[PDB]
2 protein chains.
Amino acid sequence: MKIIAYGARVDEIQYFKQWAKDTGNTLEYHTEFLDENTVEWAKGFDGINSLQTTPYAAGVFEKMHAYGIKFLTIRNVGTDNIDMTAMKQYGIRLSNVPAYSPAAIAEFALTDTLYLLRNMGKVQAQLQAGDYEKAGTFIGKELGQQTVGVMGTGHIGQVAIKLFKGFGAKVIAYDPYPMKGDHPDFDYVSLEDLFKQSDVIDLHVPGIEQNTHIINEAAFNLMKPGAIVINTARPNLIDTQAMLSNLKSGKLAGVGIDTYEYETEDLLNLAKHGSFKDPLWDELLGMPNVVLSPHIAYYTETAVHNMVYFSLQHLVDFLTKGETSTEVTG
Amino acid sequence: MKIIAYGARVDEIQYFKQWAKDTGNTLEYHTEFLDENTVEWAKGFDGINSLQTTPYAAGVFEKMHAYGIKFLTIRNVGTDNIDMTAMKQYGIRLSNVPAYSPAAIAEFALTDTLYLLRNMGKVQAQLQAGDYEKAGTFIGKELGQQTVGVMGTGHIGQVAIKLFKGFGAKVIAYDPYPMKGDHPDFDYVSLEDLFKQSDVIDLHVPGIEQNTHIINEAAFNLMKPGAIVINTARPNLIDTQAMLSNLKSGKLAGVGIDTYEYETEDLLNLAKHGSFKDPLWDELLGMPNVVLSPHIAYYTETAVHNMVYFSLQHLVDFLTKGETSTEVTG
Ligand SMILES: NC(=O)c1ccc[n+]([C@@H]2O[C@H](COP(=O)([O-])OP(=O)(O)OC[C@H]3O[C@@H](n4cnc5c(N)ncnc54)[C@H](O)[C@@H]3O)[C@@H](O)[C@H]2O)c1
Ligand SMILES: NC(=O)c1ccc[n+]([C@@H]2O[C@H](COP(=O)([O-])OP(=O)(O)OC[C@H]3O[C@@H](n4cnc5c(N)ncnc54)[C@H](O)[C@@H]3O)[C@@H](O)[C@H]2O)c1
Ligand SMILES: CC(C)CC(=O)C(=O)O
Ligand SMILES: CC(C)CC(=O)C(=O)O
């Protein structure tokens, strides 16, 4: 078949090329995202494959319907930037890749946890400043001696629980929709108990509106002194302001943030002004007990390979069997 | 009983005090190390407890013998700075703490491994330089998808193997004196195969003279491109020069060094000149794919607590049962 791909990223290229060789299909990829203008390149292809945070507007589906392209598969999870109504209107079907690599994210959460437990940021700051003696004065903690609280026992949450348990840590979890049946690796506890007992709090919950600021001032007040919070999930989960105050007061020993609350706004400022123009960001970046990352928890060779291969397979599924396990409808 | 402790470090104090309360024994501690002058403070105590890299000279044992103190227990592992002959001459007995916390070191090795697999140093360097976009261009790797080669299957090596296996990694190991019997978590392979197949090489071998530069030019030549080497063991294991060349040529993706080859020499320069005066150190410190630490792999609250409690228990063992599991005699 003939498939056209949009939003092709530097690391995806080799996989796109390899998938073409492996399956014998024709794959044409483009750096540009899919919009009303670029969708015109798809005339004559059997399906479209894309990855972008920019909108998938009604116009895109209109031209697709016009060229007879009935399927669109995305390489990521989120569908919030997709005009679903316009899509259903033009009879276009969609599938995403909900679990390209839960391990990539779980491993990143472990990476930030160990980094903070061993005060790696404080250590590196002192070495760079030329103070070798002071660099060795921040006593660390063993993950195997901690109680880790995981919020969200979905795909990623389960993998993170397994990794934490591998260190010998005591693992407790909270999820409004608990798994049914046995799970020897952890115990479900109430949200209050999770906050009160956890040395490390790891977030793996969806970024739906009702989870906005689920970690807020009240949550921070329940936490034990010296707690660590890791967020590789979504930007709206933590009240960054309250977080900062608790870092300053010493309540929180450190935090690992891969999805910064104002990332979207800041990326816009960066484009228009060449800087984040964000004083909160600057303050956090200057604290050695804070480890910020530019939304890269998913960023591994395995994950990127899977984003490409899985999404393309879903496309081939639609095109041959007329159904696929990850079809999205709402 | 009455016990005097030397070389008391900032983090050890609370444990010294707590041990006194817990056992009801009298414990007097000092910041100063044990030498011919300070040993005089021990007159009237039942035993001596110390931790230092400075020498334990013949004179120290002479005054001990004079005050009737028959036992010395150290809080660390190494006994190379102890005049054993002088000690045996004056009938003084010794015990060390060979495994205060193998987990502290194994966890640190995992910390450096994940840090490098996710290019954390490159990421942090770019964020600090204000380049958020570039900070997200260093694709990482999943530990669970790697083949990890562990050198040395002793106390620490075994714990590290367990932790790596917890991630799902394939683990192979090399030890001149293989464990007897079953060990489902890893396979023993020849040294050449370990170098040729490992994505990550983790060292947990003793720093005896014959292991000097066990990781040398020839070893580096056998390694696969993009390999990572972790050394939380001893300063003499890696030919740092050859290592640097292989980092520069791109053969090695990164290294985590907790025991720098010229640490001892450099600490002396630091004292006399206020700087390491080490260009090799400076060059390594400037590479974001190199993670140096000031000999802190053991540095956790659990390890320090155990160094204190275990060594004191060994002292109490000598003083009451006249024997202890960790007595050293050569
Ligand atoms: N940073 C990145 O690079 C990256 C990449 C992919 C996905 N993510 C995000 O990570 C998060 C977890 O993803 P997943 O695949 O495990 O999701 P999942 O849907 O499989 O699991 C989420 C779980 O959280 C539970 N939940 C909902 N609200 C909760 C709350 N208030 N408290 C506790 N649990 C709650 C749900 O019941 C569900 O079981 C999602 O936000 C996902 O969108 C981040
Ligand atoms: N960085 C730190 O803070 C720190 C702290 C404590 C100990 N250490 C060191 O870490 C190392 C490992 O300690 P341990 O308690 O596991 O030791 P151990 O004696 O229990 O095990 C070492 C093992 O390595 C094996 N061995 C010897 N030479 C080897 C070689 N050439 N190749 C492969 N294996 C070899 C031995 O047969 C032995 O089984 C030691 O050097 C110890 O002194 C470092
Ligand atoms: C943008 C993706 C690459 C990562 C992510 O968080 C997602 O799946 O939406
Ligand atoms: C100096 C100790 C605290 C650490 C160490 O490497 C040792 O046990 O000798």
# chains A, B, ... in the order shown; residues from 1 in each chain; ligands from 1
call {"tool": "residues_near_ligand", "arguments": {"ligand": "ligand 1", "cutoff": "7 Å", "atoms": "only C-alpha atoms and all ligand atoms", "output": "ChimeraX atom specification"}}
result
/A:77-78,98-99,102,105,151-157,174-178,204-207,211,214,232-234,258-259,295-299
call {"tool": "write_last_selection", "arguments": {"atoms": "C-alpha atoms", "output": "compact mmCIF listing (two decimals), in the first residue's frame"}}
result
# COMPACT_ATOMS: atom_id res chain seq x y z
CA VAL A 77 -1.52 8.79 22.83
CA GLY A 78 -3.41 12.12 23.03
CA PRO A 98 -1.54 3.97 24.00
CA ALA A 99 1.42 1.93 25.20
CA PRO A 102 5.43 2.05 29.54
CA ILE A 105 8.48 6.25 31.30
CA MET A 151 -0.65 7.20 42.03
CA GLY A 152 -2.33 5.45 39.16
CA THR A 153 -2.08 1.73 38.58
CA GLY A 154 -2.65 1.77 34.84
CA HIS A 155 -0.12 0.62 32.24
CA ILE A 156 2.81 2.81 33.33
CA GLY A 157 1.90 2.73 37.02
CA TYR A 174 -3.82 4.76 45.02
CA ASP A 175 -6.21 4.53 42.07
CA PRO A 176 -9.93 5.50 42.00
CA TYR A 177 -10.49 2.38 39.85
CA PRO A 178 -8.42 -0.35 41.59
CA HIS A 204 1.05 8.08 36.71
CA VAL A 205 -2.50 9.44 36.47
CA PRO A 206 -4.22 10.98 33.41
CA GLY A 207 -4.24 14.73 32.94
CA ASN A 211 -6.92 15.77 38.38
CA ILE A 214 -4.43 16.91 42.68
CA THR A 232 6.41 12.16 34.41
CA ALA A 233 2.64 12.23 33.73
CA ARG A 234 0.89 15.52 32.88
CA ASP A 258 9.35 16.01 33.25
CA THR A 259 6.03 17.75 32.39
CA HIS A 295 9.16 16.14 28.41
CA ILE A 296 11.44 13.22 27.54
CA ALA A 297 10.22 10.38 29.80
CA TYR A 298 9.05 8.52 26.69
CA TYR A 299 12.24 9.25 24.83
call {"tool": "interface_residues", "arguments": {"of": "chain A", "to": "chain B", "cutoff": "7 Å", "atoms": "only C-alpha atoms", "output": "number ranges by chain"}}
result
A: 104, 111, 114-115, 132, 135-136, 139-142, 163, 166-167, 294, 296, 299-301
call {"tool": "select_by_dssp", "arguments": {"residues": "region 144-239 of chain B", "states": "strand (DSSP E)", "output": "ChimeraX atom specification"}}
result
/B:147-151,170-174,187-188,200-203,227-231
call {"tool": "select_by_dssp", "arguments": {"residues": "region 280-325 of chain A", "states": "helix (DSSP H, G or I)", "output": "ChimeraX atom specification"}}
result
/A:280-285,301-321
call {"tool": "write_last_selection", "arguments": {"atoms": "N, CA, C and O atoms", "output": "compact mmCIF listing (two decimals), in the first residue's frame"}}
result
# COMPACT_ATOMS: atom_id res chain seq x y z
N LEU A 280 9.31 31.45 37.35
CA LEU A 280 9.08 30.25 38.15
C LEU A 280 10.01 29.16 37.61
O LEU A 280 10.73 28.50 38.35
N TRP A 281 10.03 29.02 36.29
CA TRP A 281 10.90 28.07 35.63
C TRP A 281 12.34 28.35 36.06
O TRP A 281 13.03 27.46 36.55
N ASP A 282 12.77 29.61 35.93
CA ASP A 282 14.13 30.01 36.27
C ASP A 282 14.50 29.69 37.71
O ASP A 282 15.62 29.28 38.00
N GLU A 283 13.56 29.90 38.62
CA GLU A 283 13.83 29.62 40.01
C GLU A 283 14.02 28.11 40.25
O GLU A 283 14.93 27.71 40.97
N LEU A 284 13.16 27.30 39.63
CA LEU A 284 13.23 25.85 39.75
C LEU A 284 14.54 25.34 39.17
O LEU A 284 15.24 24.55 39.79
N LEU A 285 14.89 25.81 37.97
CA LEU A 285 16.10 25.40 37.29
C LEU A 285 17.36 25.69 38.10
O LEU A 285 18.38 25.02 37.94
N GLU A 301 15.01 4.70 22.43
CA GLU A 301 15.01 4.09 21.12
C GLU A 301 13.88 3.10 20.97
O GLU A 301 13.27 3.03 19.91
N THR A 302 13.62 2.30 22.00
CA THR A 302 12.54 1.32 21.96
C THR A 302 11.17 2.00 21.80
O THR A 302 10.38 1.60 20.95
N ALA A 303 10.92 3.04 22.59
CA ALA A 303 9.65 3.77 22.50
C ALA A 303 9.43 4.39 21.11
O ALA A 303 8.38 4.20 20.50
N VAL A 304 10.44 5.09 20.59
CA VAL A 304 10.33 5.72 19.28
C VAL A 304 10.14 4.67 18.19
O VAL A 304 9.33 4.86 17.26
N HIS A 305 10.86 3.56 18.29
CA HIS A 305 10.72 2.47 17.34
C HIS A 305 9.27 1.96 17.36
O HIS A 305 8.68 1.69 16.31
N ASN A 306 8.72 1.81 18.56
CA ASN A 306 7.35 1.31 18.72
C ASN A 306 6.28 2.30 18.24
O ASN A 306 5.24 1.90 17.71
N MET A 307 6.53 3.58 18.45
CA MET A 307 5.61 4.62 18.01
C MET A 307 5.45 4.46 16.50
O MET A 307 4.33 4.46 16.00
N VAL A 308 6.56 4.29 15.80
CA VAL A 308 6.54 4.12 14.37
C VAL A 308 5.91 2.79 13.97
O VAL A 308 4.87 2.77 13.31
N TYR A 309 6.51 1.68 14.40
CA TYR A 309 6.00 0.37 14.02
C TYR A 309 4.59 0.05 14.43
O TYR A 309 3.85 -0.52 13.63
N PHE A 310 4.20 0.39 15.66
CA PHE A 310 2.84 0.10 16.11
C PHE A 310 1.79 0.92 15.35
O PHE A 310 0.77 0.38 14.92
N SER A 311 2.01 2.22 15.20
CA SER A 311 1.05 3.06 14.50
C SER A 311 0.87 2.60 13.04
O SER A 311 -0.27 2.52 12.55
N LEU A 312 1.96 2.25 12.38
CA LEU A 312 1.90 1.78 11.00
C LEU A 312 1.16 0.45 10.92
O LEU A 312 0.40 0.20 9.98
N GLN A 313 1.34 -0.40 11.92
CA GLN A 313 0.66 -1.68 11.93
C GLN A 313 -0.84 -1.42 12.09
O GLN A 313 -1.66 -2.11 11.47
N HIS A 314 -1.20 -0.45 12.93
CA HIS A 314 -2.62 -0.13 13.12
C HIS A 314 -3.21 0.34 11.79
O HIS A 314 -4.33 -0.04 11.45
N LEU A 315 -2.43 1.09 11.03
CA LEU A 315 -2.88 1.58 9.73
C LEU A 315 -3.11 0.38 8.82
O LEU A 315 -4.19 0.24 8.21
N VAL A 316 -2.13 -0.52 8.75
CA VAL A 316 -2.25 -1.73 7.94
C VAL A 316 -3.45 -2.58 8.42
O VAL A 316 -4.15 -3.18 7.61
N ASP A 317 -3.72 -2.58 9.72
CA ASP A 317 -4.86 -3.31 10.27
C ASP A 317 -6.17 -2.74 9.71
O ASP A 317 -7.02 -3.49 9.22
N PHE A 318 -6.35 -1.43 9.81
CA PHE A 318 -7.55 -0.75 9.29
C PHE A 318 -7.70 -1.09 7.80
O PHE A 318 -8.74 -1.59 7.36
N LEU A 319 -6.63 -0.86 7.04
CA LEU A 319 -6.61 -1.11 5.61
C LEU A 319 -6.81 -2.54 5.14
O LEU A 319 -7.07 -2.76 3.96
N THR A 320 -6.67 -3.52 6.02
CA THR A 320 -6.84 -4.90 5.59
C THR A 320 -7.95 -5.64 6.32
O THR A 320 -8.72 -6.36 5.71
N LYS A 321 -7.99 -5.51 7.64
CA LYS A 321 -9.01 -6.20 8.42
C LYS A 321 -10.19 -5.25 8.74
O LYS A 321 -11.21 -5.70 9.26
call {"tool": "residues_around", "arguments": {"residues": "residue 45 (chain A)", "least_positions_apart": "4", "cutoff": "10 Å", "atoms": "only C-alpha atoms", "output": "list in words"}}
result
residues 1, 2, 3, 4, 26, 27, 28, 41, 64, 67, 68 and 69 of chain A
call {"tool": "closest_residue", "arguments": {"among": "A:322, A:7, A:149, A:59", "to": "ligand 3", "atoms": "only C-alpha atoms and all ligand atoms"}}
result
A:7
call {"tool": "closest_residue", "arguments": {"among": "A:235, A:5, A:36, A:179", "to": "ligand 3", "atoms": "only C-alpha atoms and all ligand atoms"}}
result
A:235
call {"tool": "residues_around", "arguments": {"residues": "residue 61 (chain B)", "least_positions_apart": "5", "cutoff": "12 Å", "atoms": "only C-alpha atoms", "output": "JSON, numbers by chain"}}
result
{"B": [34, 35, 36, 37, 38, 39, 40, 42, 48, 55, 56, 66, 67, 68, 69, 70, 71, 72, 82, 83, 84, 85, 86, 87, 88, 89, 90, 91, 92, 93, 94]}
call {"tool": "decode", "arguments": {"residues": "region 94-122 of chain B", "atoms": "N, CA and C atoms", "output": "mmCIF file, in the first residue's frame"}}
result
data_model
loop_
_atom_site.group_PDB
_atom_site.id
_atom_site.type_symbol
_atom_site.label_atom_id
_atom_site.label_comp_id
_atom_site.auth_asym_id
_atom_site.auth_seq_id
_atom_site.Cartn_x
_atom_site.Cartn_y
_atom_site.Cartn_z
ATOM 1 N N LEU B 94 41.934 -7.151 65.539
ATOM 2 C CA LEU B 94 41.138 -6.262 64.693
ATOM 3 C C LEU B 94 39.968 -6.920 63.938
ATOM 4 N N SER B 95 38.942 -6.112 63.658
ATOM 5 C CA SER B 95 37.794 -6.538 62.852
ATOM 6 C C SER B 95 37.371 -5.320 62.042
ATOM 7 N N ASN B 96 36.875 -5.578 60.839
ATOM 8 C CA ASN B 96 36.394 -4.520 59.959
ATOM 9 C C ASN B 96 34.882 -4.767 59.710
ATOM 10 N N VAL B 97 34.298 -4.021 58.776
ATOM 11 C CA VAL B 97 32.869 -4.147 58.433
ATOM 12 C C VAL B 97 32.881 -4.323 56.924
ATOM 13 N N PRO B 98 32.996 -5.567 56.452
ATOM 14 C CA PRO B 98 33.039 -5.843 55.018
ATOM 15 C C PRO B 98 31.766 -5.608 54.211
ATOM 16 N N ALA B 99 30.607 -5.597 54.849
ATOM 17 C CA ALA B 99 29.397 -5.392 54.085
ATOM 18 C C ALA B 99 28.408 -4.497 54.816
ATOM 19 N N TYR B 100 28.812 -3.264 55.121
ATOM 20 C CA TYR B 100 27.900 -2.356 55.808
ATOM 21 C C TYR B 100 26.632 -2.141 54.976
ATOM 22 N N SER B 101 26.787 -2.006 53.661
ATOM 23 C CA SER B 101 25.624 -1.884 52.770
ATOM 24 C C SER B 101 25.958 -2.096 51.302
ATOM 25 N N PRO B 102 25.904 -3.355 50.848
ATOM 26 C CA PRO B 102 26.197 -3.636 49.438
ATOM 27 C C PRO B 102 25.141 -2.916 48.562
ATOM 28 N N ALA B 103 23.934 -2.734 49.106
ATOM 29 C CA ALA B 103 22.833 -2.079 48.387
ATOM 30 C C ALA B 103 23.136 -0.623 48.093
ATOM 31 N N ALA B 104 23.790 0.069 49.028
ATOM 32 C CA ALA B 104 24.128 1.475 48.815
ATOM 33 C C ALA B 104 24.979 1.613 47.568
ATOM 34 N N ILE B 105 25.953 0.712 47.410
ATOM 35 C CA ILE B 105 26.846 0.787 46.268
ATOM 36 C C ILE B 105 26.169 0.297 45.004
ATOM 37 N N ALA B 106 25.423 -0.799 45.103
ATOM 38 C CA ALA B 106 24.726 -1.332 43.935
ATOM 39 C C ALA B 106 23.724 -0.286 43.429
ATOM 40 N N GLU B 107 23.017 0.375 44.343
ATOM 41 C CA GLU B 107 22.050 1.396 43.943
ATOM 42 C C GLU B 107 22.730 2.582 43.284
ATOM 43 N N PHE B 108 23.922 2.944 43.757
ATOM 44 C CA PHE B 108 24.632 4.040 43.126
ATOM 45 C C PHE B 108 25.048 3.651 41.703
ATOM 46 N N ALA B 109 25.467 2.407 41.509
ATOM 47 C CA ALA B 109 25.852 1.968 40.178
ATOM 48 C C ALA B 109 24.625 2.089 39.251
ATOM 49 N N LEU B 110 23.448 1.691 39.746
ATOM 50 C CA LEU B 110 22.215 1.794 38.967
ATOM 51 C C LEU B 110 21.905 3.266 38.686
ATOM 52 N N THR B 111 22.150 4.136 39.670
ATOM 53 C CA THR B 111 21.917 5.571 39.532
ATOM 54 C C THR B 111 22.725 6.130 38.370
ATOM 55 N N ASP B 112 24.022 5.813 38.341
ATOM 56 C CA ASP B 112 24.877 6.298 37.263
ATOM 57 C C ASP B 112 24.479 5.684 35.937
ATOM 58 N N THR B 113 24.083 4.418 35.950
ATOM 59 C CA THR B 113 23.692 3.745 34.705
ATOM 60 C C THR B 113 22.475 4.425 34.046
ATOM 61 N N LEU B 114 21.428 4.657 34.831
ATOM 62 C CA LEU B 114 20.216 5.283 34.318
ATOM 63 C C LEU B 114 20.504 6.711 33.885
ATOM 64 N N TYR B 115 21.273 7.438 34.685
ATOM 65 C CA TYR B 115 21.651 8.800 34.360
ATOM 66 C C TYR B 115 22.291 8.871 32.981
ATOM 67 N N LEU B 116 23.189 7.937 32.694
ATOM 68 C CA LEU B 116 23.864 7.928 31.412
ATOM 69 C C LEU B 116 22.989 7.384 30.294
ATOM 70 N N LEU B 117 22.194 6.359 30.575
ATOM 71 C CA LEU B 117 21.327 5.796 29.542
ATOM 72 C C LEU B 117 20.308 6.837 29.043
ATOM 73 N N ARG B 118 19.934 7.767 29.917
ATOM 74 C CA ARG B 118 18.976 8.807 29.568
ATOM 75 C C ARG B 118 19.673 10.133 29.231
ATOM 76 N N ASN B 119 21.003 10.088 29.108
ATOM 77 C CA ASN B 119 21.805 11.273 28.786
ATOM 78 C C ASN B 119 21.467 12.454 29.669
ATOM 79 N N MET B 120 21.246 12.197 30.953
ATOM 80 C CA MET B 120 20.877 13.249 31.884
ATOM 81 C C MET B 120 21.868 14.407 31.934
ATOM 82 N N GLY B 121 23.151 14.108 31.811
ATOM 83 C CA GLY B 121 24.129 15.175 31.853
ATOM 84 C C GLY B 121 23.991 16.105 30.656
ATOM 85 N N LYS B 122 23.778 15.535 29.472
ATOM 86 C CA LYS B 122 23.616 16.339 28.264
ATOM 87 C C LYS B 122 22.346 17.155 28.380
#
